[PDB]
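Chemist: I'd like to ask you about the structure that follows.
Just so you know, all these numbers are worked out from the coordinates, no wet-lab data involved. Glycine gets a Cβ as well: all are built from the backbone with ideal geometry, and neighbour counts include every protein chain shown.
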Amino acid sequence: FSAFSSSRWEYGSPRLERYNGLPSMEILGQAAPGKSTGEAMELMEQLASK
Amino acid sequence: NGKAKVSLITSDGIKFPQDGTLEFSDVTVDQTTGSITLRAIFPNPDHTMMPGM
């Protein structure tokens with residue numbers, strides 16, 4: 001192989017996701033204590049929005 | 001100055017230290033490939049050519 005073959009290290013993601021058939025990346029978190037989720041969710045949406 | 005040139009990048013990713021002049025242009029067409037394989041004459045002080053490769 002070292003005859004015809006030429007190689008390198010590289011980066012690749014050794015896992016992948018698609019969500020409804022679109023490549024996805026999951027996130028996970030929670031509302032701050034004293035904060036309800038939808039408030040958090042609303043903010044992701046805002047931060048997701050941008 | 002017909003003196004042409006050709007540069008190598010050998011299979012190691014490392015271009016040979018210096019180019020060498022294309023010797024000439026065959027007039028021949030490889031039947032199967034229509035390959036008009038030319039001739040390159042390159043210097044090999046170090047034997048880093050090793051013909052046959």
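Chemist: Please work out whether chain A counts as rounded, prolate or oblate from its C-alpha gyration tensor, where a ≥ b ≥ c are the square roots of the eigenvalues and a/c under 1.5 means rounded, while otherwise a/b larger than b/c means prolate and anything else oblate?
Modeler: prolate
Chemist: Which whole-number percent is the relative contact order of chain B (Cα, under 8 Å, 6+ apart)?
Modeler: Computed value for chain B: 27 percent relative contact order.
Chemist: Output wanted: per-residue J couplings in Hz (rounded whole) for the range A:19-27, from phi through Karplus 6.51 cos²θ - 1.76 cosθ + 1.60, θ = phi - 60°, x for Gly and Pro.
Modeler: 10, 6, x, 10, x, 10, 10, 6, 10
Chemist: While we're looking at this one, here's another question. Over the Cα atoms of the protein assembly as shown, how large are the radius of gyration and the largest Cα-Cα distance (Dmax), in Å?
Modeler: 29.6, 85
Chemist: Pop the C-beta distance of A:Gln30 and A:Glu10 into the FRET formula with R0 = 41 Å and round what comes out to the nearest 0.05.
Modeler: So the FRET efficiency works out to roughly 0.70.
Chemist: Hey, which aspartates and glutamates would be in cross-link range of A:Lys35, C-alpha to C-alpha under 19 Å, not counting anything within fewer than 8 residues on its own chain?
Modeler: A:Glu45
Chemist: A further question follows. Looking at chain A, identify the longest residue range that excludes and avoids all GluC sites (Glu not before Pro) in DSSP loops having at most 10 other Cβ atoms within 10 Å.
Modeler: Between exposed loop sites, the widest span is A:27-50.
Chemist: Tell me, what is the FRET efficiency for B:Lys5 and A:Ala3 to the nearest 0.05, using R0 = 35 angstrom and their Cβ-Cβ distance as r?
Modeler: According to the calculation, E is roughly 0.80.
Chemist: Among the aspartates and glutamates, which have Cα under 15 Å from the Cα of B:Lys5 when same-chain residues fewer than 8 positions away are ignored?
Modeler: Partners within reach: B:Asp19, B:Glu23.
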